[PDB]
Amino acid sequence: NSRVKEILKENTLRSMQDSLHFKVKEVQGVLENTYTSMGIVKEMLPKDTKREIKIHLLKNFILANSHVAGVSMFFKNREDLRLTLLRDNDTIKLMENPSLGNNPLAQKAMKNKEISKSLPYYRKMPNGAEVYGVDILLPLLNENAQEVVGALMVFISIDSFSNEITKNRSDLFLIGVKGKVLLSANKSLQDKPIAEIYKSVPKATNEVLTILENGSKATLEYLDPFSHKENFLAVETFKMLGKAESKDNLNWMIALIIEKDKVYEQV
């Protein structure tokens, strides 16, 4: 019967890894589609178009990408195109943002000619609510691809991944840089490191942090500090910026849990 539990455990752990991999593929595909959409905006924005055409392109970009909460454009040679667009409930609000290029991070993207990424942060939206997310920056180029003429900044809403992570389920965690919880069913965990939340189980947490750094995947067990019951745990990393080459392209991670007692209670 000890061998019964062992074969139950193996079966459960494998199915968790299968379920988690499909979930990672779902989240990656959301990101990849947004990146593809950004790539098309990046090409179209520097062409000779009306200012209103550019604005409406950025609005439609937001409308077509449910996980984007805002977008900005900056042009070196044009003060009239230093604009930020943010979701404003049913509409999209336009705002002037003249210092948009005068920060060290925007300059980084434009000097490097490469995709750049911020760390997760809370952005104040037009209605005064805060949205947790990350900025992705791409340099805007001239048609001859040798001169950078500006920058596109895309605010990806981490909170909008509730659709994949917390909608009608509470067994998933989205984890980011150095073990920060980006999204989980328990809202109070957001922006806190797993090293703090799960300090009661340092062996399991250090193992998760090592997998996060090394870009791997694994299963393990741990005593959950909220339920006080042992859980099965599967984790899997993926490159947050995808195949795109950049020093800012680090691993995100999705974690899936199952309470051990519930597996064994079924037998």
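In this text, residue numbers run from 1 along the sequence as written.
Taking the recorded C-alpha temperature factors, which stretch has the higher mean, 28 to 36 or 204 to 212?
Going by the record's values, the stretch with the higher mean is 28 to 36.
Determine, for stretches 134 to 142 and 186 to 194, which one has the higher mean CA B-factor as deposited.
Between 186 to 194 and 134 to 142, it is 134 to 142 that shows the higher mean C-alpha B-factor.
Looking at 91, 160, 72, 116, which one carries the largest C-alpha B-factor according to the PDB entry?
Within the set 91, 160, 72, 116, 116 shows the top C-alpha B-factor.
Based on what the PDB entry reports, which of 20, 244, 258, 250 has the top C-alpha B-factor?
244 has the highest C-alpha B-factor of those listed.
Please rank the C-alpha B-factors of the chain's modelled residues and tell me whether residue 180 sits in the lowest, middle or highest third.
It belongs to the lowest third of the chain when residues are ordered by C-alpha B-factor.
Within this chain's modelled residues, let me know which third the CA B factor of residue 56 belongs to: lowest, middle or highest.
It belongs to the highest third of the chain when residues are ordered by C-alpha B-factor.
Split into thirds by Cα B-factor across the chain's modelled residues, where does residue 45 land: lowest, middle or highest?
Highest third - that is where residue 45 ends up once the chain's C-alpha B-factors are sorted.
Would you please rank residue 80 by its C-alpha temperature factor against the other modelled residues of its chain and give the third it falls in: lowest, middle or highest?
Its C-alpha B-factor belongs to the highest third of this chain's values.
Split the chain's modelled residues into thirds by Cα B-factor; is residue 164 in the lowest, middle or highest one?
Its C-alpha B-factor, which the entry lists for residue 164, ranks in the middle third among residues of this chain.
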